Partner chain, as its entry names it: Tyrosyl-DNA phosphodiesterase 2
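Starting off, we have a lone chain in the form solved without the partner chain, written out as C-alpha cells.
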C-alpha cells in the first residue's frame, strides 16, 4: 500500500506500508522522512484519531489513502 501523509503545512509524504503496519511504524517512517518526533505526531484518517498500537487495516486505510498530521 502506498499512502500519503500530509504535514501541518500541507506537505505530502508518500509512504510504502503494509496493511498490518502499526500507526507506531508509520510514525517512525514520518520521522525518518521529515525529522518530526513520533511523540509530537497525531494522525487522523477520515476523522478518526489513530492509535499507535493499531494497524492500518484496523482503520480500513487503503491504497492511496490520505492521513493528516494534526494538533491538540
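Residue numbers count along the first chain shown, from 1. Here the rigid core means the biggest group of C-alpha atoms that line up within 1.5 Å when the two forms are laid on top of each other.
S.K.: What stretch shows more C-alpha movement in 6 other deposited structures of this protein relative to this form, 61 to 69 or 2 to 10, after the core is superposed?
M.R.: After the core superposition, the stretch with higher RMS deviation in 6 other deposited structures of this protein is 2 to 10.
S.K.: Comparing 54 to 62 with 21 to 29, which stretch shows the greater average C-alpha B-factor in the deposited entry?
M.R.: Comparing 54 to 62 with 21 to 29, the higher mean C-alpha B-factor belongs to 54 to 62.
S.K.: By the record's CA B-factor, is residue 69 among the lowest, middle or highest third of residues in the chain?
M.R.: Its C-alpha B-factor belongs to the lowest third of this chain's values.
S.K.: Please say which third, lowest, middle or highest, residue 46 falls into when its CA temperature factor is compared across its chain.
M.R.: Ranked within chain, residue 46 CA B lands in the highest tercile.
Just so it is clear, the following notes concern the form deposited with the partner chain bound, a form of the same protein that is not shown.
S.K.: Taking the partner chain as it sits in the deposited bound form, which residues of 19 to 52 have a non-hydrogen atom within 4.5 Å of it? Please list them.
M.R.: Read in sequence order, the residues that approach the partner chain (within 4.5 Å, in the deposited bound form) are 42, 44, 46, 47, 48, 49.
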